[PDB]
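Student: The data below comprise the sequence and an experimental structure of the protein.
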Amino acid sequence: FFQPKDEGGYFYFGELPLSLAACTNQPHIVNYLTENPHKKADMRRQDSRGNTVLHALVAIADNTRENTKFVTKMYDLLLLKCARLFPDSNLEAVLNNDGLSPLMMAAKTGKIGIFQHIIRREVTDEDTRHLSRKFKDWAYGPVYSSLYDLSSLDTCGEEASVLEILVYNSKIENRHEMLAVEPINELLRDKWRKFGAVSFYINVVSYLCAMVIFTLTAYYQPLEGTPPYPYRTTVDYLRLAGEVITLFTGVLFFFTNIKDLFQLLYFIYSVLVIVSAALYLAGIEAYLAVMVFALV
Amino acid sequence: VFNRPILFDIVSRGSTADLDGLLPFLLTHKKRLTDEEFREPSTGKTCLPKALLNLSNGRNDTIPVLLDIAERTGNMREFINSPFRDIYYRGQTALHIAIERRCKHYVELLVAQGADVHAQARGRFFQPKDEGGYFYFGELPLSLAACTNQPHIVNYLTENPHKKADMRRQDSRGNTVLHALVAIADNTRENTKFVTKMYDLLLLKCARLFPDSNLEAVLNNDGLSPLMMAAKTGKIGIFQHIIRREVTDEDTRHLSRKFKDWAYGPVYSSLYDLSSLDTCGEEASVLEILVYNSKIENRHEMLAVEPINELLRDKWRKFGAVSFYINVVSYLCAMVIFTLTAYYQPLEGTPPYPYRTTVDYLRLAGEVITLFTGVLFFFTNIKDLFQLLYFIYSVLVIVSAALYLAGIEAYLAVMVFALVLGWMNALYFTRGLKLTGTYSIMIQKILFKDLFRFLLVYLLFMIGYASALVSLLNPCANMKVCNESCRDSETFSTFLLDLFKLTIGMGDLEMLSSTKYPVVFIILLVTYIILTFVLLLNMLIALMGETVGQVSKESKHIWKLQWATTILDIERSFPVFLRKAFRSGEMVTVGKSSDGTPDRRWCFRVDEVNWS
């Protein structure tokens, strides 16, 4: 009954009385259970699913106005609580059984509201503001040089950066809309005007050149039967230099997909180029038949 | 006192408790606080700007004490003039910072002791946002208060029982406070409201205090009027307001734009001025920059203002359609005459110059006026020193003239180029009446982008597959079974010809079963031709069907844009000083005090209807 609604469950709050009060929006109960002149619980202890109260709080979050308002401030309340009462580490760093951050789980299931808020929020009182996200640098009248943090936004597959789950593994109804947030939409242009178009154009021009070279080596072959390996003369150096770089493109696109252990087509390309390489190494009839498959 | 850091700490704290009794040391060791070593040489900031940079509630009450110290040295001038020196923050006398933080008290003091009412901080930080700049206000303290919307500061700096600045002095970019005020103007409600009235405030100020000339007349380094710069960057709001505004109090209303003539109940014969609206390239009239040089996101919308939209019709119903029809009919006649002289020529070889008989007077009279149209369209574009096509027309007509003057063979070859290119240019007139020129919209996308890239990629596809097939005859032995005319050969490219003939989506090529001739060749051929000839062109057909629904405003908009372009160049083609449109107006004292010109002060009259 307490599992999420995709495992036959009816309501999943987090299997913890503290989180049970949290999701159900009973702040006074939270203040009591966190601290009271008796037994008291720490939001430290995660659940039987790897989650602590924050992750749960994100789970049952929704996008309707009501299911954003209260949860927004409740999250910050409990965060500041854990901060003050544990002013050495932070709660945000703790990961679930899948090792995801609460921000990560916010991204995956596409919870717009809580994510849109957690990306901006800054701690006003500088007493302990050392967990804020948005900063300030200077305001010369009408222009604020605002400064957005990036610490789990981009590390290229080293700690499951959020942008990765946004781009590759996301099949989310709100995947598009979430990208409209400032420090992501801008980061697109930032990675674009540098290292964005340069390598893209390099790759497209090199690919077109390789394909035209394969066409070249195709049309200038000895025709009318008998395809053995004829490389013995200077004019055949052209075909030799074309086929070696053909096999080179093959092994390169092979290495591209073996590192994954339009995502396999360029690999089947390499497979057929290797078929061609073997068949031409044999140098027997009915063996150029795969060169045409490779070209097409 | 002991170092630059200690005093910076003292002042950033905000209490002179650590500064008291330091001035007798300063005088003791002749330490003049003006000295530069107490400035971090990275930029040059001194005690005062570092002080004012830190502000609690608007009061860091050691500042007057520090200035007392400066006068204990006996120096304020060197002190209060300590401009920042680098490429990021250049100049920027402390007064700029004080005004930016907006504590009119410290403003009062600094100005009273007297800093300067001029410091042109040209640090790249202060450039516009298209030269790496972050904020461009106008390099003048007065304009700095203006843009930042601090009216009281404006009243103080304009006039006060001390040094005071005149909005006369332009910037290091040719601009005075009005031009700047237009620069940082925007189109959002907020960035229109305050700037609207601030502009009028400062304008009336300059008027009253300089009631001989006007500020509006002063031009920037590019010689543009503030109204001009408003037009160019497409600032709708400030422009829409400056075109209507009229000075209510007739004491000095001799700068207003809209006037009144009579109101017979519900009809007001309102009268809009035109003094920088139209002079045909003599003083950079605003309509010119609106029509020719404008590539503005709001170029269309700004035209919706009354005394411009009406002026279109005004120049249309007179001198608008007459010369347009004259030009189109004369052009069609010239082209049909060139066709005439083309078809009636001596054929079957031998094109010398045969003009010796009466029947050849027809060809002579046709070719002379052909060369005349050529030299005319040549003169059209040489005055510029569908804007060069009619000139390349003339170039090729002159090629034809020279080649026929030679009268040798292979020399009529350019007459056909001339005829075909002229009948292509026939589209230039075919963009006016009857909603002609709709194609001229869609050709903007299909010829340059869509059909272009499609034909490129498809040609590459088919040539690659052609190499494939011409290499795919040796196994699957040489046979290309006769189509539904190259036979097995090795020459150079006849393959490509007959193969393209095959690729023609002409007749649904034969089907096979129990293969005897090339076996795996046919399946590749059929799947490829299905790919390219059942999807690609269909991809493009669907692309057309979806892209055609983009015409929203650019039908009437490109229609009146044609109006603008054509009509205005028409005016630009013949003597405008002749009796033309944009008629006269009411006489002096309601037609004087030049933003333009004589007592008539040429205006237009629009008859509005309203009930109230």
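Tutor: Perfect, I can see it now. Numbers count the residues shown, from 1 in each chain, chains lettered A, B, ... in the order given.

Student: where along chain A do the helices fall?
Tutor: Remark: helices assigned in chain A by DSSP state H are A:17-23, A:27-34, A:53-59, A:66-85, A:102-108, A:112-120, A:162-167, A:175-178, A:182-192, A:197-219, A:237-258, A:265-282, A:289-295.

Student: Give me the neighbour count for the residue of chain A found nearest chain B.
Tutor: Nearest residue of chain A to chain B (CB to the nearest CB) works out as residue A:219 at 4.1 Å. From N, CA and C alone the C-beta is placed, and that goes for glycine too. By other CB atoms under 10 Å in any protein chain shown, the residues close to residue A:219 number 17.

Student: Identify the residue spatially nearest to it, adjacent ones excluded.
Tutor: Counting by CB to CB, 6 or more residues apart in numbering or on different chains, residue A:219 lies nearest to residue B:467, which is 4.1 Å off, once chain neighbours are set aside.

Student: Would you agree the one you found is in contact with residue A:221?
Tutor: No - using CB atoms under 8 Å, residue B:467 is not in contact with residue A:221; the gap is 9.6 Å.

Student: Based on its surroundings, how many neighbours for residue A:243?
Tutor: Neighbours of residue A:243 (other CB under 10 Å): 20.

Student: let me redo that: residue A:78
Tutor: 22.

Student: so what's it up against?
Tutor: A:22, A:30, A:34, A:43, A:53-54, A:57, A:91 (CB atoms under 8 Å, 6 or more residues apart in numbering or on different chains).

Student: Out of those residues, give me the one that has the most neighbours.
Tutor: residue A:53 (31 neighbours).

Student: check contacts around that one.
Tutor: Counting by CB under 8 Å, 6+ apart, residue A:53 has contacts A:14, A:16, A:18-19, A:22, A:43, A:78.

Student: residues touching the spatially most distant residue from the centre of chain A, list them.
Tutor: Distance from the C-alpha centroid of chain A peaks at residue A:224, with 52.8 Å (CA atoms, centre = their mean). By CB under 8 Å, 6+ apart, the contact list for residue A:224 reads B:473-474, B:478, B:488, B:490.

Student: Chain A: which of the residues you listed is nearest?
Tutor: residue B:474 (4.9 Å).

Student: Would you mind finding the most buried of the helices of chain A?
Tutor: Across these, the average number of neighbours (mean count of other CB atoms under 10 Å in any protein chain shown) peaks for helix A:53-59, which reaches a mean of 26.

Student: now that one, how far from the centre of its chain.
Tutor: 21 Å (CA atoms, centre = their mean, to the nearest Å).

Student: What of stretch A:125-145?
Tutor: For stretch A:125-145, the distance to the chain centre is 28 Å (CA atoms, centre = their mean).

Student: Equivalent analysis for stretch A:60-72, please.
Tutor: Counting by CA atoms, centre = their mean, stretch A:60-72 comes out at 25 Å from the chain centroid.

Student: quick one: contacts of it?
Tutor: Here stretch A:60-72 has contacts from A:11-13, A:23, A:25, A:57, A:106, A:111-114, A:117, A:174, using CB under 8 Å, 6+ apart.

Student: ok, now stretch A:206-219?
Tutor: Contacts for stretch A:206-219 (CB under 8 Å, 6+ apart): A:238-239, A:242-243, A:245-246, A:249, A:291-292, A:294-295, B:463-464, B:467-468, B:470-471.

Student: who touches residue A:119 in this structure?
Tutor: Residue A:119 neighbours (CB under 8 Å, 6+ apart): A:133, A:148, A:181, A:183.

Student: Greatest separation within the residues you listed: which pair is it?
Tutor: A:133 and A:181 (11.4 Å; CB to CB).

Student: quick revisit: now, of the contacts of residue A:119, which are buried?
Tutor: Neighbour counting by 16 or more other CB atoms under 10 Å in any protein chain shown classes A:133, A:148, A:181, A:183 among the contacts of residue A:119 as buried.

Student: list the contacts for the third one?
Tutor: By that I understand residue A:181. If you count contacts by CB under 8 Å, 6+ apart, then residue A:181 has A:115-116, A:119 around it.

Student: That'll do, ta.
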